[PDB]
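What follows is the content of structure00.pdb (PDB, C-alpha atoms).
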ATOM      1  CA  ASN L  25       6.676-134.056 155.297
ATOM      2  CA  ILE L  26       3.982-134.879 157.851
ATOM      3  CA  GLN L  27       5.007-131.798 159.850
ATOM      4  CA  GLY L  28       4.062-129.644 156.846
ATOM      5  CA  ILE L  29       0.550-129.337 158.311
ATOM      6  CA  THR L  30       0.996-127.637 161.678
ATOM      7  CA  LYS L  31       0.346-124.609 163.927
ATOM      8  CA  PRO L  32      -2.184-122.371 161.996
ATOM      9  CA  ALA L  33      -3.338-125.007 159.508
ATOM     10  CA  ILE L  34      -4.566-127.263 162.311
ATOM     11  CA  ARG L  35      -6.003-124.124 163.924
ATOM     12  CA  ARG L  36      -7.822-122.984 160.770
ATOM     13  CA  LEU L  37      -9.386-126.418 160.268
ATOM     14  CA  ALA L  38     -10.726-126.184 163.824
ATOM     15  CA  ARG L  39     -12.310-122.766 163.270
ATOM     16  CA  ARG L  40     -14.280-123.958 160.240
ATOM     17  CA  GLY L  41     -15.480-126.829 162.428
ATOM     18  CA  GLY L  42     -16.530-124.486 165.231
ATOM     19  CA  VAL L  43     -13.885-125.301 167.853
ATOM     20  CA  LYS L  44     -13.049-122.487 170.280
ATOM     21  CA  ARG L  45     -10.187-123.772 172.472
ATOM     22  CA  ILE L  46      -7.603-126.260 171.184
ATOM     23  CA  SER L  47      -5.415-128.384 173.427
ATOM     24  CA  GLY L  48      -1.755-128.905 172.615
ATOM     25  CA  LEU L  49      -2.008-132.624 171.866
ATOM     26  CA  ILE L  50      -4.731-132.108 169.237
ATOM     27  CA  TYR L  51      -2.143-131.212 166.593
ATOM     28  CA  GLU L  52      -0.258-134.507 166.888
ATOM     29  CA  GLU L  53      -3.499-136.488 167.170
ATOM     30  CA  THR L  54      -4.896-134.698 164.106
ATOM     31  CA  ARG L  55      -1.856-135.649 162.015
ATOM     32  CA  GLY L  56      -2.225-139.304 162.993
ATOM     33  CA  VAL L  57      -5.888-139.400 161.990
ATOM     34  CA  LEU L  58      -5.112-137.636 158.707
ATOM     35  CA  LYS L  59      -2.236-140.060 158.115
ATOM     36  CA  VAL L  60      -4.457-143.127 158.533
ATOM     37  CA  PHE L  61      -7.181-141.520 156.409
ATOM     38  CA  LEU L  62      -4.754-140.735 153.583
ATOM     39  CA  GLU L  63      -3.193-144.204 153.827
ATOM     40  CA  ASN L  64      -6.601-145.841 153.328
ATOM     41  CA  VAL L  65      -7.716-143.643 150.422
ATOM     42  CA  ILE L  66      -4.389-143.709 148.571
ATOM     43  CA  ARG L  67      -4.209-147.495 149.006
ATOM     44  CA  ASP L  68      -7.505-148.059 147.187
ATOM     45  CA  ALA L  69      -6.511-145.371 144.674
ATOM     46  CA  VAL L  70      -3.165-147.051 143.944
ATOM     47  CA  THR L  71      -4.977-150.390 143.626
ATOM     48  CA  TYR L  72      -7.045-149.095 140.701
ATOM     49  CA  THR L  73      -3.898-147.767 139.023
ATOM     50  CA  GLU L  74      -2.303-151.200 139.463
ATOM     51  CA  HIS L  75      -5.240-152.874 137.710
ATOM     52  CA  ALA L  76      -5.349-150.201 134.991
ATOM     53  CA  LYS L  77      -1.624-150.689 134.208
ATOM     54  CA  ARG L  78      -0.650-147.044 134.667
ATOM     55  CA  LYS L  79       2.105-145.155 136.464
ATOM     56  CA  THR L  80      -0.066-142.038 136.938
ATOM     57  CA  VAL L  81      -2.941-141.860 139.416
ATOM     58  CA  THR L  82      -5.719-139.878 137.745
ATOM     59  CA  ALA L  83      -8.375-137.761 139.437
ATOM     60  CA  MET L  84     -10.849-140.581 138.795
ATOM     61  CA  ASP L  85      -8.789-143.025 140.877
ATOM     62  CA  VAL L  86      -9.000-140.588 143.795
ATOM     63  CA  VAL L  87     -12.758-140.184 143.323
ATOM     64  CA  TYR L  88     -13.363-143.912 142.887
ATOM     65  CA  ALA L  89     -11.279-144.720 145.972
ATOM     66  CA  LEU L  90     -13.352-142.206 147.940
ATOM     67  CA  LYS L  91     -16.546-143.754 146.565
ATOM     68  CA  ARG L  92     -15.455-147.185 147.794
ATOM     69  CA  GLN L  93     -14.421-145.605 151.123
ATOM     70  CA  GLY L  94     -17.919-144.137 151.559
ATOM     71  CA  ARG L  95     -16.619-140.615 150.855
ATOM     72  CA  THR L  96     -18.449-139.713 147.640
ATOM     73  CA  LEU L  97     -17.100-136.492 146.124
ATOM     74  CA  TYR L  98     -18.576-134.273 143.399
ATOM     75  CA  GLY L  99     -16.540-132.003 141.159
ATOM     76  CA  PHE L 100     -13.568-133.959 139.791
ATOM     77  CA  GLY L 101     -15.297-136.118 137.169
ATOM     78  CA  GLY L 102     -18.548-137.864 136.285
TER      79      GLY L 102
ATOM     80  CA  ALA T   1     -13.966 -64.619 213.714
ATOM     81  CA  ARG T   2     -13.477 -68.184 214.938
ATOM     82  CA  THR T   3     -10.044 -67.138 216.243
ATOM     83  CA  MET T   4     -11.946 -65.735 219.248
ATOM     84  CA  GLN T   5     -13.864 -68.965 219.965
ATOM     85  CA  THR T   6     -12.277 -70.098 223.230
ATOM     86  CA  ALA T   7     -14.742 -72.921 223.954
ATOM     87  CA  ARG T   8     -17.052 -74.999 221.760
ATOM     88  CA  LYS T   9     -14.958 -74.331 218.670
ATOM     89  CA  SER T  10     -17.166 -74.198 215.576
ATOM     90  CA  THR T  11     -15.673 -76.654 213.072
ATOM     91  CA  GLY T  12     -18.276 -75.948 210.387
ATOM     92  CA  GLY T  13     -16.792 -74.334 207.299
ATOM     93  CA  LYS T  14     -13.051 -74.989 207.368
ATOM     94  CA  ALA T  15     -11.081 -78.210 206.910
ATOM     95  CA  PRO T  38      -2.700-101.290 173.312
ATOM     96  CA  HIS T  39      -6.177-102.652 174.037
ATOM     97  CA  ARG T  40      -6.291-106.453 174.103
ATOM     98  CA  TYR T  41      -9.390-108.453 173.296
ATOM     99  CA  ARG T  42     -10.687-110.926 175.844
ATOM    100  CA  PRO T  43      -9.641-114.564 175.312
ATOM    101  CA  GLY T  44     -12.114-116.323 173.036
ATOM    102  CA  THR T  45     -13.341-113.332 171.022
ATOM    103  CA  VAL T  46     -10.895-113.534 168.109
ATOM    104  CA  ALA T  47     -11.380-117.309 168.070
ATOM    105  CA  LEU T  48     -15.142-116.941 167.613
ATOM    106  CA  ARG T  49     -14.603-114.258 164.969
ATOM    107  CA  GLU T  50     -12.347-116.681 163.090
ATOM    108  CA  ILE T  51     -15.144-119.256 163.317
ATOM    109  CA  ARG T  52     -17.498-116.769 161.652
ATOM    110  CA  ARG T  53     -14.902-115.901 158.999
ATOM    111  CA  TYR T  54     -14.063-119.417 157.786
ATOM    112  CA  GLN T  55     -17.621-120.763 158.084
ATOM    113  CA  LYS T  56     -18.664-118.183 155.471
ATOM    114  CA  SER T  57     -15.815-118.956 153.047
ATOM    115  CA  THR T  58     -14.921-122.228 151.327
ATOM    116  CA  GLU T  59     -11.271-121.659 150.377
ATOM    117  CA  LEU T  60      -8.894-124.503 151.171
ATOM    118  CA  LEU T  61      -7.211-124.261 154.570
ATOM    119  CA  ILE T  62      -4.279-126.679 154.232
ATOM    120  CA  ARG T  63      -1.428-125.438 152.052
ATOM    121  CA  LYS T  64      -1.088-126.901 148.577
ATOM    122  CA  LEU T  65       2.624-127.708 148.333
ATOM    123  CA  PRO T  66       3.111-129.283 151.803
ATOM    124  CA  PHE T  67       0.025-131.392 151.091
ATOM    125  CA  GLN T  68       1.410-132.456 147.708
TER     126      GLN T  68
END

When written as structure tokens, how does the structure in this file appear?
Amino acid sequence: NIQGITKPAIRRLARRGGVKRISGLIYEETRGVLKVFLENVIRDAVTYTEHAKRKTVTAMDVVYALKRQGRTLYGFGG
Amino acid sequence: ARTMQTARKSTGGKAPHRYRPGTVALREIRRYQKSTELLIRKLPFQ
């Protein structure tokens, strides 16, 4: 699962950021940061679904969790 | 000719392509900074 983002995907994300040379331990460290980031966002997203009494997390719940996490996102709702 | 020179013999006349490391990397930087397509795969992310 977590190893589904590896080798060129971690390389492509670096190129868009402007990185030239990538050390070997970046890939594992990148997964850990992405893991913690996803854990935080999904937690607040799931919390809204728990209050709304739903078994399906809507696009709003993702947006609203990002808004509370200081990661405002345009495009997937009002 | 010089065959007769017995002393002070006159010696004048006779005897694939590879690119350098870092170039493709920078070119990738230019390629993805211009586009906005998603970089992580969709199904492994899901």

Chain T contacts to chain L at 6 Å (only C-alpha atoms) as a list in words: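 Here they are: residues 47, 51, 54, 55, 62 and 66 of chain T.
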
query: At what distance in Å, to one decimal, does CA of residue 61 in chain T lie from CA of residue 44 in chain T?
result: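 Computing the Euclidean distance for CA of residue 44 in chain T and CA of residue 61 in chain T yields 20.7 Å.
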
message: If I take CA of residue 39 in chain T and CA of residue 52 in chain T, how far is one from the other in Å, to one decimal?
response: 21.9 Å

message: As an exercise, work out the distance from CA of residue 67 in chain T to CA of residue 102 in chain L in Å and give it to one decimal place.
response: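 Distance reported for this atom pair: 24.6 Å.
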
Once the PyMOL selection byres ((chain L and resi 85) around 9) has been applied to the shown file, what residues remain in the selection, as an mmCIF file with C-alpha atoms, in the coordinates of the input?
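Result went into expr_13.cif, see below:
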data_model
loop_
_atom_site.group_PDB
_atom_site.id
_atom_site.type_symbol
_atom_site.label_atom_id
_atom_site.label_comp_id
_atom_site.auth_asym_id
_atom_site.auth_seq_id
_atom_site.Cartn_x
_atom_site.Cartn_y
_atom_site.Cartn_z
ATOM 1 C CA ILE L 66 -4.389 -143.709 148.571
ATOM 2 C CA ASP L 68 -7.505 -148.059 147.187
ATOM 3 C CA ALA L 69 -6.511 -145.371 144.674
ATOM 4 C CA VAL L 70 -3.165 -147.051 143.944
ATOM 5 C CA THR L 71 -4.977 -150.390 143.626
ATOM 6 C CA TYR L 72 -7.045 -149.095 140.701
ATOM 7 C CA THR L 73 -3.898 -147.767 139.023
ATOM 8 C CA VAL L 81 -2.941 -141.860 139.416
ATOM 9 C CA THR L 82 -5.719 -139.878 137.745
ATOM 10 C CA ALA L 83 -8.375 -137.761 139.437
ATOM 11 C CA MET L 84 -10.849 -140.581 138.795
ATOM 12 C CA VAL L 86 -9.000 -140.588 143.795
ATOM 13 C CA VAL L 87 -12.758 -140.184 143.323
ATOM 14 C CA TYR L 88 -13.363 -143.912 142.887
ATOM 15 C CA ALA L 89 -11.279 -144.720 145.972
ATOM 16 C CA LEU L 90 -13.352 -142.206 147.940
#

Incomplete range 66-84 of chain L filled out to N, CA and C atoms as a PDB file, keeping the file's coordinate frame:
ATOM      1  N   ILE L  66      -5.428-143.531 149.581  1.00  0.00           N
ATOM      2  CA  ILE L  66      -4.389-143.709 148.571  1.00  0.00           C
ATOM      3  C   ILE L  66      -4.191-145.185 148.251  1.00  0.00           C
ATOM      4  N   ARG L  67      -4.347-146.060 149.248  1.00  0.00           N
ATOM      5  CA  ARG L  67      -4.209-147.495 149.006  1.00  0.00           C
ATOM      6  C   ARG L  67      -5.209-147.974 147.961  1.00  0.00           C
ATOM      7  N   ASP L  68      -6.496-147.677 148.168  1.00  0.00           N
ATOM      8  CA  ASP L  68      -7.505-148.059 147.187  1.00  0.00           C
ATOM      9  C   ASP L  68      -7.298-147.334 145.863  1.00  0.00           C
ATOM     10  N   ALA L  69      -6.797-146.098 145.907  1.00  0.00           N
ATOM     11  CA  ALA L  69      -6.511-145.371 144.674  1.00  0.00           C
ATOM     12  C   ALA L  69      -5.379-146.037 143.900  1.00  0.00           C
ATOM     13  N   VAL L  70      -4.284-146.369 144.591  1.00  0.00           N
ATOM     14  CA  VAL L  70      -3.165-147.051 143.944  1.00  0.00           C
ATOM     15  C   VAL L  70      -3.597-148.407 143.399  1.00  0.00           C
ATOM     16  N   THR L  71      -4.533-149.075 144.078  1.00  0.00           N
ATOM     17  CA  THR L  71      -4.977-150.390 143.626  1.00  0.00           C
ATOM     18  C   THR L  71      -5.641-150.309 142.256  1.00  0.00           C
ATOM     19  N   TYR L  72      -6.439-149.265 142.018  1.00  0.00           N
ATOM     20  CA  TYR L  72      -7.045-149.095 140.701  1.00  0.00           C
ATOM     21  C   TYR L  72      -5.990-148.823 139.637  1.00  0.00           C
ATOM     22  N   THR L  73      -4.980-148.018 139.969  1.00  0.00           N
ATOM     23  CA  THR L  73      -3.898-147.767 139.023  1.00  0.00           C
ATOM     24  C   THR L  73      -3.117-149.037 138.718  1.00  0.00           C
ATOM     25  N   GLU L  74      -2.973-149.926 139.705  1.00  0.00           N
ATOM     26  CA  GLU L  74      -2.303-151.200 139.463  1.00  0.00           C
ATOM     27  C   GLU L  74      -3.089-152.060 138.483  1.00  0.00           C
ATOM     28  N   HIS L  75      -4.415-152.100 138.630  1.00  0.00           N
ATOM     29  CA  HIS L  75      -5.240-152.874 137.710  1.00  0.00           C
ATOM     30  C   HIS L  75      -5.295-152.235 136.330  1.00  0.00           C
ATOM     31  N   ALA L  76      -5.264-150.904 136.264  1.00  0.00           N
ATOM     32  CA  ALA L  76      -5.349-150.201 134.991  1.00  0.00           C
ATOM     33  C   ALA L  76      -4.031-150.179 134.231  1.00  0.00           C
ATOM     34  N   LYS L  77      -2.949-150.681 134.827  1.00  0.00           N
ATOM     35  CA  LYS L  77      -1.624-150.689 134.208  1.00  0.00           C
ATOM     36  C   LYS L  77      -1.193-149.273 133.821  1.00  0.00           C
ATOM     37  N   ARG L  78      -1.050-148.431 134.843  1.00  0.00           N
ATOM     38  CA  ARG L  78      -0.650-147.044 134.667  1.00  0.00           C
ATOM     39  C   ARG L  78       0.306-146.651 135.781  1.00  0.00           C
ATOM     40  N   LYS L  79       1.202-145.718 135.472  1.00  0.00           N
ATOM     41  CA  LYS L  79       2.105-145.155 136.464  1.00  0.00           C
ATOM     42  C   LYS L  79       1.642-143.799 136.974  1.00  0.00           C
ATOM     43  N   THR L  80       0.473-143.332 136.539  1.00  0.00           N
ATOM     44  CA  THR L  80      -0.066-142.038 136.938  1.00  0.00           C
ATOM     45  C   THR L  80      -1.450-142.243 137.536  1.00  0.00           C
ATOM     46  N   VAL L  81      -1.634-141.795 138.773  1.00  0.00           N
ATOM     47  CA  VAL L  81      -2.941-141.860 139.416  1.00  0.00           C
ATOM     48  C   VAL L  81      -3.765-140.660 138.957  1.00  0.00           C
ATOM     49  N   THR L  82      -4.867-140.932 138.266  1.00  0.00           N
ATOM     50  CA  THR L  82      -5.719-139.878 137.745  1.00  0.00           C
ATOM     51  C   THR L  82      -6.690-139.392 138.819  1.00  0.00           C
ATOM     52  N   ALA L  83      -7.379-138.289 138.511  1.00  0.00           N
ATOM     53  CA  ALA L  83      -8.375-137.761 139.437  1.00  0.00           C
ATOM     54  C   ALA L  83      -9.504-138.756 139.657  1.00  0.00           C
ATOM     55  N   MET L  84      -9.813-139.567 138.644  1.00  0.00           N
ATOM     56  CA  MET L  84     -10.849-140.581 138.795  1.00  0.00           C
ATOM     57  C   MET L  84     -10.480-141.563 139.901  1.00  0.00           C
TER      58      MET L  84
END
